[PDB]
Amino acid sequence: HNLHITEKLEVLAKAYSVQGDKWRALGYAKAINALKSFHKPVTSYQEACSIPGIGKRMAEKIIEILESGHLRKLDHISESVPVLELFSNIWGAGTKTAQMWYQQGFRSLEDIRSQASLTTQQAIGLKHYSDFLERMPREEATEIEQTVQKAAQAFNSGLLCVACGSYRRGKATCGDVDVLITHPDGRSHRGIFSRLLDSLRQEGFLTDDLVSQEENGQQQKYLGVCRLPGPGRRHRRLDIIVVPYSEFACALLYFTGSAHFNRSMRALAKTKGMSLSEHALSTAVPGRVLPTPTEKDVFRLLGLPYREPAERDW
């Protein structure tokens, strides 16, 4: 858990990421993970090369940081990167939009606010800019889960509500709250976004909607914004997903993450003639859905030993 190479490599990874070089940024992210969980400090080029996730090129960069104290490429990062990061930290704006605003001459959030064309989602990101960069204490994520759960349960007592994401992975702070709802009755989950969201609105808890297709009877997710009542409260991102019970174990696995963990698990299923999504684990193609009543069944069918959510925190 100790390295001084990763500090330098993260700056590069983030730069490629905000410039839209998503594959290169992915190679970096994994290299960093490998470096992060190596016992020893890495000392030989030979030793770097030996690691999975670390190729010829990553090894040369490591040998440079060791040999000298620096990575020369860090001196040549595009001058646009800090601005592109500023702009892609607006919820609903990504690298393409950031790059366009840059090309148009914008350089600050004041330029965005006064001159840029914003989508509805972006106007909401912008207005909650600081809040959405903050992580909340896990105790607050608890209160948010409980607000959602009380609202759901009032409608139907048998509804099951579990906070997922970082919260379920045991983290002390959380970027937002992700709540998964199902019903062991196989049926009653259907159509409730109507009732649940209307309830949470009546209380004034939800302050804005980001993604909510409420014209569709088969809406899967709500992504939006909430604020607990009373003084000293900030706006928080809230994600709610409602899933049939047969999909509960796959939904829980998915929504718990981490994102890297899921990508890795899916890559791996794929090497075994299988396919893993938030809905199911299947044979590959028309494939067959396999029965997965618990997360442990997903692990077992992939030939892997179970991992507690706290150990998925890649």
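Take the two forms, superpose them, and find the largest set of C-alpha atoms that agree within 1.5 Å; that set is the rigid core. Note that residue numbering follows the sequence shown and begins at 1.
- Of the two segments 177 to 185 and 67 to 75, the one whose CA positions lie farther from the displayed form in 5 other deposited structures of this protein, once all are superposed on the rigid core, is 67 to 75.
- With each structure aligned by its rigid core, the stretch whose Cα atoms sit farther from this model in 5 other deposited structures of this protein, between 237 to 245 and 207 to 215, is 207 to 215.
- The modelled chain breaks between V285 and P286, where 10 or more residues of the deposited sequence lack coordinates.
- Looking at 267 to 275 and 44 to 52 together, the entry lists the larger mean B-factor for 44 to 52, computed on C-alpha atoms.
- Taking only CA atoms, the mean B-factor in the PDB entry is higher for 146 to 154 than for the other of 102 to 110 and 146 to 154.
- The residue among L26, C250, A259, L35 whose C-alpha carries the highest B-factor in the deposited model is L35.
- In the deposited entry, the Cα temperature factor of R236 places it in the lowest third of its chain's modelled residues.
- Placement of the Cα temperature factor of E79 within the chain: middle third of the modelled residues, per the deposited record.
- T120: CA B factor lies in the middle third for its chain, per the PDB record.
- Among the modelled residues of the chain, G186 sits in the highest third by CA temperature factor in this PDB entry.
- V298 sits in the middle third of its chain by CA B factor, as recorded in the PDB entry.
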